[PDB]
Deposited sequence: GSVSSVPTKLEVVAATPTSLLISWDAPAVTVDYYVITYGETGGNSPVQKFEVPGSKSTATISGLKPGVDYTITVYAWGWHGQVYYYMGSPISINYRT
């Protein structure tokens, strides 16, 4: 199952995006967000696990981007991203 779920662009401008996702039941330490032109390096940043939204700025207008969210947290003795990271494609 995807972790997190229901990644979506909820608002946009020609050069920016506001993305939102649904947190899992488990404790997330950080979400790592990556983004790059779908026509392929990827840019990356993170937000604390208490947050489930982010903004992405400085994009090229009219270009397809692949956006992926990774939920990093503990699963027993293993700290890594959990489940399957979720991805969307979006063009402004």
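Participant: Numbering from 1, run down the deposited sequence and write out every stretch that has no C-alpha in the structure.
Facilitator: Unobserved in coordinates, per deposited numbering: 1 to 3, 44 to 45.
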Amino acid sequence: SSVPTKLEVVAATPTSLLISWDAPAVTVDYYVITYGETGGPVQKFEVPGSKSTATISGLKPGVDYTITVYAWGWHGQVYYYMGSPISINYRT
From here on, numbers count along this sequence of modelled residues.
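Participant: For the C-alpha atoms alone, is the average B factor greater in 5 to 13 or in 73 to 81, going by the entry?
Facilitator: The stretch with the larger average C-alpha B-factor is 5 to 13.
Participant: Between 58 to 66 and 29 to 37, point out the one with the higher average CA B-factor as the PDB entry records it.
Facilitator: 58 to 66 has the higher mean C-alpha B-factor.
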